[PDB]
């Protein structure tokens, strides 16, 4: 099931990076940087632009990205992709 495996990849990827330092279940600036760089290179197409992104994702303003904020982020990307299918 590509779809079930896709969910697996989404969930597992978060934890591959979140558990590196500090809170094991939350992405700090550094870990977020790794994940985006290694896992979503197409999206990231500089430190200031990173900060603007980190700010956007961290909606509860605790300086880190939890799984929930991570899902919202991925949905956002999905949202973009979907625009292609409706035919701009």
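Residue numbers count along the first chain shown, from 1. In this text, rigid core is short for the largest set of C-alphas that superpose within 1.5 Å between two forms.
In summary, of the stretches 76 to 84 and 5 to 13, 76 to 84 shows the greater Cα distance from the shown form in 6 other deposited structures of this protein, with structures fitted on the rigid core. Of the two segments 46 to 54 and 31 to 39, the one whose CA positions lie farther from the displayed form in 6 other deposited structures of this protein, once all are superposed on the rigid core, is 46 to 54.
Going from residue 45 to residue 46, you skip over 1 to 3 residues of the deposited sequence that the entry leaves unmodelled. For the segment pair 47 to 55 and 29 to 37, the entry gives 47 to 55 the higher mean B-factor, averaged over Cα atoms. For residue 77, the recorded CA temperature factor ranks within the lowest third of the chain's modelled residues.
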